[PDB]
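> Structure for the following, please:
(2 chains, ligands or ions: 1)
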Amino acid sequence: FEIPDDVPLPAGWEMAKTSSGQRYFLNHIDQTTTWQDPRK
Amino acid sequence: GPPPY
Ligand SMILES: *CCCCCCCC
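Numbering: from 1, shown residues only, chains lettered A, B, ... in the order given. The protein structure is shown below:
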């Protein structure tokens, strides 16, 4: 929840789900994974 | 615990 589509994601940043909707975002420019942050 | 890539 708390994650509308008012804005897309950041460049060089893939995404992936590791659980029940755990769409953790894959930072490409830095090669890393982080929960919600860029979207919301 | 951050997930892998
Ligand atoms: C389930 C309690 C531990 C989860 C926090 C660890 C995040 C890496």
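
> contacts and neighbour counts: CA atoms only from here.
Fine.

> who in chain A is up against chain B?
Residues of chain A that fall close to chain B, judged by C-alpha under 8 Å from any C-alpha of the partner chain: A:18, A:24, A:26, A:31-35.

> Filter these down to just the ones in helices.
Using DSSP state H, no member of the residues of chain A next to chain B falls within helices.

> Let's have these in TSV, adding neighbour count.
As requested, the residues of chain A next to chain B are arranged in TSV below (neighbours: other C-alpha atoms under 10 Å in any protein chain shown):
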residue	neighbour count
A:18	13
A:24	22
A:26	21
A:31	12
A:32	16
A:33	21
A:34	18
A:35	18
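
> which pair in the residues you listed spans the largest distance?
A:18 and A:31 (16.3 Å; C-alpha to C-alpha).

> need the strands for chain A, in chain order.
A:13-17, A:23-27, A:32-34 (DSSP state E).

> Need these in JSON lines (columns: distance to residue B:1).
Converted to JSON lines, the strands of chain A look like this (distance: least, C-alpha to C-alpha, whole Å):
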{"stretch": "strand A:13-17", "distance to residue B:1": "14"}
{"stretch": "strand A:23-27", "distance to residue B:1": "11"}
{"stretch": "strand A:32-34", "distance to residue B:1": "9"}
